[PDB]
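Peer 1: Take the position in the sequence shown, starting the count at 1, then add 772; the result is the number in the deposited numbering. Sharing a structure below in structure tokens format, with a few things to ask.
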Amino acid sequence: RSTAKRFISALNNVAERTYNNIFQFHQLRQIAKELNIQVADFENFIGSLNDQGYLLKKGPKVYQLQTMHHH
Numbered sequence: 773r774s775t776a777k778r779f780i781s782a783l784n785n786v787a788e789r790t791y792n793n794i795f796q797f798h799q800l801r802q803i804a805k806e807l808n809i810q811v812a813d814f815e816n817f818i819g820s821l822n823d824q825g826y827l828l829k830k831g832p833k834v835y836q837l838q839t840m841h842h843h
């Protein structure tokens with residue numbers, strides 16, 4: 773769960789700093805690579821985060837992060 777938490781923390785910070793909660797699938801993958809997250813199946817790792825509520829699909833390739841922000 774530490775890995776998923778670290779990944780969500782990264783998305784939360786990107787969204788806060790950029791005033792933008794939209795991420796394409798491959799952009800999520802690039803962030804995961806930068807954090808050295810290695811999972812068996814990235815698609816269903818993302819799918820699990822969708823199931824948990826962190827990401828909502830906006831079409832099959834794009835996601836909206838569900839987060840509080842400060843700005």
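All residues carry an ideal CB built from backbone N, CA and C; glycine is no exception.
So what's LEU807 in DSSP terms, helix, strand or just coil?
Peer 2: Counting from one through the sequence shown, the residue named residue 807 turns up at place 35. If DSSP states are grouped into helix, strand and coil, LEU807 belongs with coil.
Peer 1: Report yes if the C-beta distance between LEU800 and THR839 is below 9 Å; otherwise report no.
Peer 2: Working through the sequence shown from its first residue, we reach residue 800 at position 28. Working through the sequence shown from its first residue, we reach residue 839 at position 67. Contact flag unset, no.
Peer 1: With a CB to CB cut of under 6 Å and the five nearest residues on each side skipped, what residues in its chain are close to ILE803?
Peer 2: Counting from one through the sequence shown, the residue named residue 803 turns up at place 31. So the list reads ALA782, once near-sequence residues are dropped.
Peer 1: With DSSP as the reference, label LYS829 as helix, strand or coil.
Peer 2: Indexing the sequence shown from 1 puts residue 829 at position 57. In this structure, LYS829 counts as strand in the three-state DSSP scheme.
Peer 1: DSSP state of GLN802, grouped into three classes?
Peer 2: Mapped onto the sequence shown, residue 802 falls at position 30. DSSP places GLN802 in helix when its eight states are reduced to three.
Peer 1: Suppose you measure from the CA of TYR791 to the CA of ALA812; what does that come to, to the nearest Å?
Peer 2: Walking along the sequence shown from the start, residue 791 turns up at place 19. Walking along the sequence shown from the start, residue 812 turns up at place 40. Cα to Cα, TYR791 sits roughly 31 Å from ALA812.
Peer 1: In this structure, does DSSP put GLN824 in helix, strand or coil?
Peer 2: Taking the sequence shown and counting its residues from 1, one reaches residue 824 at position 52. In the structure shown, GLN824 sits in a helix (DSSP, three-state: H, G or I).
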